[PDB]
Structure formats: structure tokens, C-alpha cells
RNA sequence: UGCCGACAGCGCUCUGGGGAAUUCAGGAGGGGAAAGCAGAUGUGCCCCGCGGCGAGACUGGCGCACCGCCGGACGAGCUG
Ligand SMILES: [Zn+2]
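Residue numbers (our numbering), protein chains in the order written: chain V, 1 to 120; chain R, 1 to 159; chain U, 1 to 60; chain S, 1 to 242; chain B, 1 to 141; chain L, 1 to 347; chain H, 1 to 131.
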């Protein structure tokens, strides 16, 4: 079902790294409801979805809206490790990041979404 | 050169600098860097001078984090510009790291010496930052945001 | 007559069904239809007298 | 908000089929929906007691880039009511329904989508609306729906892919009438995401001219969805229809 | 034009696209200078030096006496854009391409095209001055 | 002469220096190799007019010759040697797959109509023939006491296994392959530049000559020229028979193609445009409707013969009118009025 | 199956074929009023909004239908008018809204400044004279 | 968008200007149309010439990844 899964070899690690960057940089919505609201406001730049979840249907409906908006998403394999990367003290299955158009973080995100677009 | 006029103004306005002196100065820095880039392209590929000197300069730039850790080649060394040098200019980091609401408020903060990098408080807002240091920027202990004394206005209002 | 196409008009540049070079852009029609004359005969009578006076001016 | 219940007026816009409804302190855009009375996705709608069967749908720009274009005032959107339109990138079908309501019964729009469950929403709407043909396949291999798509006149495209120009180019090679038309939309961040966007647009339009297209309009849907564009070209002639 | 500001082009960042015009190409061979090298040095960035097909047509249609410069034009390493027009007027060609994109750097030395392309703003002139190239209205270098 | 609009295009980007070698594939319909003065070659597909099919450098000096093999491969002569690449490989390679360097400077190629034979004309007064897959240095045939150089050679396609070649003694030599020996040598007033034989009339040959002249000869009887085409100012660089056998391109050194029937003796057509100073390689396509024109100015041009016939698929009354024009002009092709408006080209 | 037919032989179009049957607009005075409102919608949003300067000499389109904003499925808590809030004509709605106070005040102001000194002032001077 | 509107100006037009009927001469567009005279010779027969299919049988020489190639000339039956 979750066929655009992210592969292991440190690709997930650059993902979690940029998640840490954006979580410090406040460009971040956290939790699935925040993801849906961000993508339905269209501010989202990219969204990461856990696959380690009690049933996957949540991170199956979220790709429906990001497919409805044509903005990228990617399946991390670990909800716990994603929550730790965000710094929540709690596991998170869905984290999204928006755009702020004056940085090089945006260059990083451009690279990352190029990676996931080549994954798809 | 009305384009020169409006372009310099947009530089300052996007990063609230003070005069075209400071803007032209940073441009001069960029000019020296792109001079280096031109020379190291003038030597052909796989040359030893080229290899070591270009590897050096790219390490310099990524050490101050201006050129991205993604792109590490002389093409992008040519392709850098003033917006990027201003990005690693300091006051911008206070604004993009969420202590001062505005770039001008950040300028005032740097004046009255409330932020520090590592140990020492900073007074010059054009103190260039490093990639290795840029997250270690916070208020000092002597500033009422960081603590210490509450401040003179709190002092007088308590008076 | 229909409007010619490309080659047809190109071949018959000098063709015209309406005005000839013997018509002076219908100066007769122009005069009579501004001023309501009833004999284009009489228009031409005015033209011949006008041409006579003009050439008397030329010799003058 | 132009809240629910406000009496408004509707008039034709410039384009054949779309309508513009003005009122009070806020105007907007609508279409006469073919399927009566029913909403699709919580879109707002409009009823007029004609002197029952007369219903329009408000068209959010920010959800549908064709609507962004109709607000941006395109030169000629090529889609008359009653025209054959290959849509491309038909994700969940909202905009597609709008094009359906444009072309009406005597028109037909071929809605192609890549993924599945956005397909499910699309085909649900394809059951309901009797002029939009669901096609769920890989857009890169149009010989798969070569069985379904006849020669059409208008090509919508809103995919966000690097090979987008070649996608719509072979789809032009396969499914576009002599003197054809197309609207596509482009994002800088998905064609090449470091460059300046105008330069990216010029690269894409030069590509289509290498695909033998005649570029004939461009706009930038500026206050609505940053650094995108809508581009209008004509297939293999300088004039549009015939 | 989007990506523009009050007669400044935020658009043209490196690399730069530079249009060759016919007077310019004749004169830079006549001054015996390497095209890509001198442009890269005068701008201090990377380029690509395109030639409209109209310009290529003009420099063939000129007499055989410019055949060397025509060869230099004819070189394969530099990209090309076709045109849709009638009858090979290069100046009209370039000004139309700039006018519909405003992403370029035009290069000439004819005073006519210099005037014509200052008359529309935000687009930079490049020209030779008997030793080297010279930019006119670019804010960067 | 409203519609006498010859030009139909310029492919590619043009070679960096000028075209001094080109060759059509004669058994497919839309594949052409053109090879530069600058020692590079490439092949275009006709249908995708704009861009290239396959491109590689080939030698040091100016590539004198080029063709295709009857299966798929293509061939390059220059003074450095003879090479063989394969363009339509599914991954491209730049390196050749056959080579030769022995026989001196190789002036031209000639390939078999049906089988895998080819011949290389050198400048040592020698021609030598290979067979593909079964020869190394080929058979070396010449006029047995002769050194003077051999510019070109065309395999006959009427009677296969036959060869003619030009020599710089203002002289031509007919050859055979069954009986491996030259056959005959004719000496004329001034030199000859490129040979051909007619692809329908087997004894009929034609030579392109520094007499500024196209001479129609016949192999059995060299007593008289069958036809004299006295059609130029500068010396003719190329000839090609139309596959109809009824038409002929004579491509000058100067800025002039002239097009011909077999039986005029004069100019039916003159073609040029000033972007093309000195035409070199001037050959027909497989419909005998569209000619190709490799210039000095670095260009491959795609032109038309009978320059006022707008092709496609006509309507019945259209072809009625066209051939009606043909017949009427045929009847009245002598009177002063129609005659002068007929022969008045621009020059 | 085949019968006798009926012969039925006894201007500008009335329902536009290429816009799904929009009828020709009936000229009723409240409709005229609504049209005047939507043209002068600039001054209605006094101070807070501005509008695209729609400027023809006429203002009446040939084809228009008065309708109803139906419903917000995603939102109906406050984007829904109340029963008292619902109005027949758009003009009565913008009447029954607030700020018509500020309208009236601007009205007295503009009225005074066009009654600056034109005739009443001259009469009162004339009284100060004749006294 | 109500009528009425003096001078002083601008705009067109003037065999005055409208409105309606009606004849004709043109134009431009849209929809429909199998819209198709690329060279037009009665059938049937067998025979000749020549051509394809086509069962089957061979043969030459090559083949240092060895697994296969490429080429000739005979040929029952069928066909143009
Ligand atoms: Zn042009």
C-alpha cells in the first residue's frame, strides 16, 4: 500500500536531519491534523509520513490529499525515531514543513524533494 | 544606472543595512572570491594546482557555510552572490532564529550587546558567522532576556 | 464577380470592373452627389467652362 | 465571507461557457453544473429560480489552476462548450468537473490520472458526470489509453514532472487535432528548483517550440500560487481552430 | 514581467545567457578575442553564448570576406534558438526574444541596438571596447 | 513563376567548417550522413528535421568520402584512412569497428547496389575493392602502368559488378569486376571531376568536367559524346542522376545548382541563394523529387526539383489543372512571349 | 406513422446558446437598483475595500439571473446567514447592515460643502446689507 | 444609463438622417457532408514468358566466449 517508501541507505537520515533543521527553524507542522491543514492551506513544502504505525490508514489518507495538491511526501520507517528527530517527547506519524523563501534550507529541501521525486 | 540604484536598495531593504558603503564592501569581497574562481577555472581540469587550490577554496566557503554542502564545485563557486553573503551575515541569523521580531530590532540588540556567539558578546552586526558556530547564538547572561539584572526601566518602574 | 484569390488578383492587377483610369476617381459622381445636380451633362459643361477659364489664366 | 444565503447576480464572463457572479462586497466565478443540485467536495453553489434545474458552482482559484487562469484573464482558453479535451494530471477530479461543466453534454473530457485512490474519487465523479471519461494509467505511456482517446482539440496539463514537456509532446503527437490547443501549468520547484523561475519558464517554452508548438500566450498566476505559470500554445499552426 | 523590480532584474543570476549580435561577432573576431573566455572573465561567472538563427543567417548572407567569423559563429558548443518570422532582421529578432523573456544579456556594439534596448529597461548591454568586454547595466560585477 | 519556390530547408546546425563529404542512404528513405571539412561526421534523420541522429569525429584531415553499408553500418574515407562505424547502435559508441590505412590517401568510396562489396579509389592511380566480412586488403586493380590520381568512382546499379573511375589525365577508365582488369581509357580536352552511370540506361554514363560541362557518354561507343551540357561559368563539382534516369543535378563550384533532363543540352533550372557560396555534394533522394545540397558554408539543404510543383496529396481537378498546364506549355514552348517568361530566371 | 403536419410560420436572441440558456434580463426596477449597487460597490465599502474600476457607459448586462448562495458543507457556523439576516434584495441587505450611520454623516458633510456659499450665503449677506 | 438642452468647441458623416418592407450585388464566420475520377480496357479457358508462395532435399566456406553463422542451386504441390 505504501509503495513510495523511503529506502534505508541514509536517505531517511538526511530526511530526519532536515526535519531537525526545520523544527528548530519553526517551518514545521507536526501531527497529521497539522499536516492536513498545512497542505489544504497549500503552504506545505514537503511532508514525511511514518510507516511504523498502528494501522497505516492514516498515512494512507494523507497521500490522497498531497496527490490532490501535487506537493511531495515520503515514508520514513520509524514513527518513534521521527518524533525523536522533531523533539516532541512523543512519537509522531506525520510531519510537514512549509516554505520560507530566504535561506539555503530551501536549497536543502529542493534537493530532498528532488530525491523523493526520483524515488517516485 | 537606475538598475544599480534599485538593486542596491533592494539589497538593503531585504536585509536592513545602513548604507551603500557596507553593501559595496560586501560586493568587493564577492569580487575577490569570483576572481579566485575565474583563475582556478583558467587552469584546466585535473591539474594539481587546480585540484588542491580549488578543494581548498571550496572547503573555505563550506566552512563558513555560504556555498551549500550539497553543491561543492567551482561552477557554483562562480554562481554565489551577495544575497548569500548577506544570508550568512549575522543580524539575519537573529531574525531567522527568532529572538528579534524585526531586522532593525536585531540591529538595536546587537548595539546594546545582548547576544553572544560562544563566549563573548558581540557589538558589530557585520561579524560574519561560521557554519560550525551559527547555532551557538543566544542571549548573554547579563541581558534581561537571558537574565541577570531586570534592566533600568524595570529598575525605575520599581522605583 | 467573387473576390479573386491570390493568383487571380496577382495576374489581373490591371483588371478592375468599377473604375478605370478614364474616370478621375469619379469626380463627376463626387460633385453631383455632394451638390444635387441632375444632368451629369451639366457637370461636364461646368468642367469644360472651368478648363477654358483655367487655360486663359495659363496664358495670362 | 460572502456568506450562505446572499442574493447575488450572475452574468457571462468573456469565455464561452464560464460565468462570473458578482455581488455585495465580493464577486466570484461559477459554472452551470451538469449534474444537478449536488455538490462535489463542499464547494459552494448557487441556485436561481428561473422564470430546480439551474445551478452553478463557485470555483476556488487556489484549488484549481484553471480557475487561477480564468482570474488571470487568459487570451483564449480554447475550450468551447462542446469540445474534446484531454485532461492530464486529473487528481481527484475537482477542476476536471469544472471543465466537464464547461463542455456540458455535447462535450467530453478525458480524465487521466496516475495514482489509484485519487482515481477512486475521479471515477466516482465519472459515474456521476456523463461526459468525463475516467482513465487511470501511466501518463508516460499513452499507447495504453490509445484505445480510449480519440483525436481531441484541447489539452489540459497540470502534472509536476521533469519530463512534462515530452509527456505532453507525445500526447500532442497522438491526441491533438490539426491546429490544436493546449493549456499547461508549470512549477519552478518541480521542473528545476534552484534557478530563477522566469528562466525555467523560458526553458520549458523553448522545449515546446522544439516539440513544434507555437507559443501563443503566457501568464504568471501571481497573487495566487507563487512562482507557477499557465502557458498556452497551439499545436502546429499560428491560428487556433481552423 | 515577473521576477523584476522597479527597473531591476532579480532574474538574471549566474549562469547568464548572452545573445550574440552580428556586429558584435564580426568585431570580436576583428579584435581577436576568445568568446567564452573573455565573457567569463568580464562577468566573473558562467555563461552560455547563444546565437539566434536569424543572426546566423545574417552572418552567412554577408560576404565571403567574413567567413572566419562565420565559422566561429558556426561552432557547435553553443546552443541555438529557432525563430518564427519572415525575413532575417536580427535586431527585431533579439529585441523580441528579450521582450518576451527579460532573462538575457544582449551583446552588440551598434549604437542603434544600444538605444533600442535601453529603451526597454532591465536588460544589460555587453560590448567590446578595443581591449576587452564591457558590461553596461548589470548590478552584480 | 508565382509559385517557383524551390527552397524547403536547412537541416541540423550545419557543420563547423563546410561540407566536403556527404552521402544518402539509398535503400532506406530518410537517413543521411554528412561529414564536415573539420574531420567530423554526423547523420540526420529527414523526418525529425531539426536535430541530429548520431555524431562523431572521424579523422584529422578533411573527410573526402562517406557512405553506408547495405545492412546498416556507415563508412568514412579520409587521407588518414578508411573507417567503419555503426550509427544506429542502441547505446552509442564513438570508436570505429573497421579500419584500413594502406593504399595511400583514399580519395573516394563506391558501394555495391545489393551485396557487401565496396571499392576505394586512392590517389596512387589505383583502386582497390573489399568484400565485407571476407577481405582484408582487397583486390588492387589499376591501369597496369599508371600513377595519375583517381578522384571518384561510382558503382553501376544497372549492370552490377561494373566500375568506372576518373583520372587526372583528363581521362576516364571503365573497369569490370568479373574480369579483374581495367577496360578502357578515354582522353578528353580538359579534366573531369566526378563520374556517374545512369540508373536506368546501362550503357549511358555521365561525367562532370572542368570543361564546366556535363558530358553524357555511352560505354559501348566512345566515338562521340551523346550529349553536351555546356551549362556553367565555374567548374562543376558534382553530378547525380535522378533515380528516374530522366533528371540530373549538376552542382557547380560557384553559387549555382543547375537542374536538368537527360536531353536538353542547356539549362532547365538554376538554383542558389547567397548563403551558399560554393556547393559541393549534390545528390537526390529516393523519391527523385527532393534534392540535397551540401555547401561550402556549412549547410545541408533540402531543395526541390521542378521547383513549382507543390507536393502532398492533390485533388483530382488539381492534378487535372497541373498536367493541363504541363501539356499546354509543352505545346507552346517556343513562342517569344511565353518563351522569354519561361527562361527568365534571376541570376 | 406518417400524418399530416402542421404549418407554423407565424429579432435578437433571447437565450444564449453558448452559455447554457441564460435568458434575456427582464427590466424590473429592483433589478436596476441591484445593478446600480454593484457598479457603485466602491463607495459602499467606505474606506475598507477598493474595487476594479468597471466602467462602461451603460451598466445593464443583457443577461443576468438573481440567485442564492446555497450552503457551506465545510463551514456553516458563521458563513451562514441567520433567518433575520436573510434579505430579498441585495440593496435591502446592505441597508439592514451596519454603518449606514457613517453613510448619513458623510452625506451631511458633502451636502454642506456643496451648499458652501452658493445662494443661501448670498441671501444672508443681503440681509446684513439691507438691515 | 430620465427627458430637455443656448452659444464655444470636437467626432463622424453630407445624392440629408432614421425606421420598416422588399430585390440584388458581395463579404466573413459557424455547423453539417464519406466529401475518395494517381492514370479508369468484359468473362471463361488453356498455353507460352516471367514472377512469387511452397513440402522436401542439399552443398560451400567461416566460426581461439563456441552457442552458431552467412551464402549458393535443385525441387513435389499452390498462385499472379
Ligand atoms: Zn528571429
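Just so it is clear, CB atoms sit at the ideal spot from N, CA and C, and this is done for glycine as well.
Determine whether the Cβ of residue 98 of chain R lies closer than 8 Å to any Cβ atom of chain V. yes
Can the beta-carbon of residue 105 of chain B be found less than 8 Å from the beta-carbon of residue 80 of chain B? no
Could you tell me whether the region 41 to 57 of chain B touches the region 118 to 125 of chain B, where touching means 3 or more Cβ pairs closer than 8 Å? no
Residue-level contact to chain B via CB, residue 277 of chain L, 8 Å cutoff: yes
Near ligand 1: residue 244 of chain L beta-carbon under 7 Å from a heavy atom: no
For residue 62 of chain S, return the contacting residues in chain V, with the cut-off set at a CB-CB distance below 8 Å. 42
Does ligand 1 have even one heavy atom less than 7 Å from the beta-carbon of residue 52 of chain B? yes
Using a C-beta cutoff of 8 Å, does residue 197 of chain S count as contacting chain B? yes
Mind checking residue 124 of chain R: buried by the 16 CB within 10 Å criterion, or exposed? exposed
With 8 Å set as the bound, which would you pick, yes or no: does the beta-carbon of residue 87 of chain R sit closer than that to a beta-carbon of chain V? yes
Less than 8 Å between the beta carbons of residue 59 of chain B and residue 82 of chain B, yes or no? no
Reference residue 247 of chain S; option with closest CA among S:241, S:5, S:49: Residue coverage of chain S in this structure runs from 1 to 242, which leaves residue 247 of chain S outside it and unanswerable.
Leaving out five residues on either side along the sequence, give the residues of the same chain with a beta carbon under 7 Å from the beta carbon of residue 56 of chain V. 1, 2
Cβ closer than 8 Å: which chain V residues qualify as neighbours of residue 70 of chain R? 107, 108, 111
Would you please verify whether the beta carbon of residue 24 of chain B is less than 8 Å from any beta carbon of chain R? no
Distance check for residue 87 of chain L and residue 23 of chain L, CA to CA, integer angstroms please. 14 Å
Taking Cβ positions, are residue 86 of chain R and residue 77 of chain R nearer each other than 8 Å? no
Which two residues bound the contiguous alpha helix (DSSP H) that contains residue 247 of chain L? That residue, residue 247 of chain L, is in no alpha helix (DSSP H); its beta strand (DSSP E) goes 247 to 252.
Would the region 145 to 158 of chain L and the region 189 to 203 of chain L be scored as touching if the rule is three or more Cβ pairs under 8 Å? yes
Closest Cβ-Cβ distance between residue 75 of chain R and chain B: below 8 Å? yes
Answer yes if the region 12 to 20 of chain H comes into contact with the region 8 to 18 of chain S, meaning at least three C-beta pairs across the two stretches below 8 Å, and no otherwise. yes
Below 9 Å on C-beta distance, what does residue 33 of chain V contact in chain S? None at all; the shortest Cβ gap to chain S is about 17 Å.
Does the distance from the CB of residue 98 of chain V to the CB of residue 62 of chain V come in under 8 Å? no
How would you write the range of the beta strand (DSSP E) that residue 7 of chain S sits in, first residue to last? 7 to 12
Contact list for residue 104 of chain V against chain R, beta-carbon separation under 7 Å: 68, 87
Name the two residues that bound the continuous alpha helix (DSSP H) containing residue 58 of chain V. 58 to 69
Report yes if the C-beta distance between residue 135 of chain S and residue 165 of chain S is below 8 Å; otherwise report no. no
Classify residue 52 of chain R as helix, strand or coil using the three-state DSSP reduction. helix
Near residue 167 of chain S, what residues of its chain come up, given a Cβ to Cβ distance below 8 Å and the 5 sequence neighbours on each side ignored? 88, 139, 140, 157, 159, 161
Let me know the beta strand (DSSP E) ranges lying completely inside the region 194 to 256 of chain L, each 3 residues or longer, listed in chain order. 204 to 209, 213 to 218, 227 to 229, 236 to 241, 247 to 252
So with Cβ pairs under 8 Å, would you call residue 34 of chain B a contact of chain S? no
Could you check where the beta strand (DSSP E) with residue 45 of chain L kicks off and where it finishes? 40 to 45
Proximity of residue 69 of chain H and residue 90 of chain S at Cβ, strictly below 8 Å: no
Consider the Cβ of residue 34 of chain R: report whether some Cβ of chain B lies at a distance smaller than 8 Å. yes
Do residue 93 of chain B and ligand 1 come close, with the Cβ less than 7 Å from some heavy atom? yes
Against residue 220 of chain S, what residues of chain B qualify as contacts under a CB-to-CB distance less than 8 Å, listed in chain order? 2
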